[PDB]
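J.:
2 protein chains.
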Amino acid sequence: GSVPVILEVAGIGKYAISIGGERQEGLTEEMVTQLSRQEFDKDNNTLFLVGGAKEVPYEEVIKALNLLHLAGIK
Amino acid sequence: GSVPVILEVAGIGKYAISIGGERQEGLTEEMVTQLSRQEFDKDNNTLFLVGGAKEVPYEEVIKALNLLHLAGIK
């Protein structure tokens, strides 16, 4: 609530997540879903933001946002 | 560089931007482009992230990412 949830696109199927200051790297798409869903179910007002690195294509960024929508995050 | 650039989708055509701790609200799409482009041209390694509020549709989030791509931000 106080500190947003940040999901970072690192490449193809590789993602990083920042939860209230704590950053988790080397996560899979299925695992990132688990975490995103668990945080959204415990706090239904958590601000969610998605960013990708320069080496990440915009198409991949779309996929990430798509995964969040699939699990009802955004 | 040290502090990312955050672009927040507030609704339809309304956006907010956080630059190194400073937040700007009530920005237009054309104006948000100006700022995003100026920051990216001065610092070509600035981490960029996009997040939307619960009342914002995913389709609008796509549009925002689309605008960034158009100006060569991501």
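The listed protein sequences correspond, in order, to chains B and A. Counting in the authors' numbering, the final residue of the first sequence is number 92, and the numbers go up one at a time with none missing. Counting in the authors' numbering, the final residue of the second sequence is number 92, and the numbers go up one at a time with none missing. All C-beta atoms in this analysis are idealised placements derived from N, C-alpha and C, irrespective of residue type, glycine included.
(1) Mark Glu43/A as exposed unless 16 or more other C-beta atoms lie within 10 angstroms of its C-beta, in which case mark it buried.
(2) Between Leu83/A and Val74/B, is the Cβ-Cβ spacing less than 7 Å?
(3) Report, in whole angstroms, the separation of the C-beta atoms of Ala89/B and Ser54/B, which I expect to be a contact under 8 Å.
(4) Let me check one thing: in DSSP terms, what residues is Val27/B bridge-paired to?
(5) Tell me which same chain residues have a C-beta within less than 7 Å of the C-beta of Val50/B, skipping the five on either side of it?
(6) How would you write the range of the alpha helix (DSSP H) that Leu85/A sits in, first residue to last?
T.: Straight from the coordinates:
(1) exposed
(2) no
(3) 6 Å
(4) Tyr33/B, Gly70/B
(5) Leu25, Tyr33, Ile35
(6) 76-88
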